[PDB]
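Bear in mind that the values in this text are calculations on the coordinates, not laboratory data. Cβ coordinates were reconstructed from backbone atoms using ideal geometry, including for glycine residues, and neighbour counts include every protein chain displayed.
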Amino acid sequence: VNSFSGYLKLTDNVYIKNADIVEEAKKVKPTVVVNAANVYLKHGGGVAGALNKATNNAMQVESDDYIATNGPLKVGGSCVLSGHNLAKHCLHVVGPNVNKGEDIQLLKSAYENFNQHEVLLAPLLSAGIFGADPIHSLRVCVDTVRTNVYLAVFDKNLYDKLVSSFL
Ligand SMILES: OC[C@H](CC1OCCO1)Nc1ncnc2[nH]ccc12
Ligand SMILES: [Cl-]
């Protein structure tokens, strides 16, 4: 039993809800919140920009130190950093950004990072400003993640379409 409330069960372990991931994280304070990161951990917009804003830019400061030490992430890769005031940890995961010409097959590799954590609050990878088909992102999530994932979808119109089109 966990404190995630109001989710629709798509599968044994995949759940979905229309919610602002920032407001969800602030309410639940999950062990792991997933960020829709880029390889430079530059959290300028989308989910990443909103999560970083909610930390008063502390996420960006920590991320800049991480990059200075370790260099960029790989597309499909991840790193674990602090969750600041939002969660215990933030799993920064880089899905392919279609608007940069990155291979959509890497979306499965990106979701595989979730399997290293028993429970996560997450957005749909490569959706939104990363330019992939969100119905596809949900399909890959359900077919790749085996741990318990609570998916937050900000756009209500999109949420209804994902549910009604889910197989
Ligand atoms: O796949 C990422 C989704 C994309 C979907 O389509 C257009 C907007 O929402 N973005 C978000 N999902 C959850 N919380 C969020 N906070 C800020 C952005 C955001
Ligand atoms: Cl987005």
Legend entry - Spin-label model distance (nm) - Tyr66 vs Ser82, 7 Å beyond Cα toward Cβ: 1.2
Inset, instruction - Using Cα centres only, tell me the gap between the range 59-114 and the range 136-167 in whole Å. - result: 20
Legend entry - Positive-end extreme of charge dipole, the range 8-163 - chosen from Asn70, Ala110, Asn13 (charges on Cβ): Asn13
Legend entry - Rg/Rg_ref, the chain, where Rg_ref = 2.2 N^0.38 Å and atoms are Cα: 0.94
Inset, instruction - Could you check what % of the DSSP bridge pairs in the range 1-98 are antiparallel, to the nearest 5? - result: 60
Legend entry - the chain: calculated mean residue ellipticity at 222 nm from DSSP helix runs of at least 4, using -39500 (n - 2.57): -10000 deg cm²/dmol
Inset, instruction - Could you work out the relative contact order of the chain, using alpha carbon pairs under 8 angstrom and six or more residues apart, expressed as a whole percent? - result: 29
Legend entry - the chain - share of DSSP beta bridges that are antiparallel (%, nearest 5): 30
Inset, instruction - Describe numerically, in nm with one decimal, the distance between label points set 7 Å from Cα along Cα→Cβ at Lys156 and at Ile135. - result: 2.2
Legend entry - Prolate/oblate/rounded call for the range 27-80, Cα gyration tensor, a/c under 1.5 rounded: prolate
Legend entry - Sites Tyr40 and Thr11 - FRET efficiency at Förster radius 25 Å, r taken between beta-carbons, to 0.05: 0.15
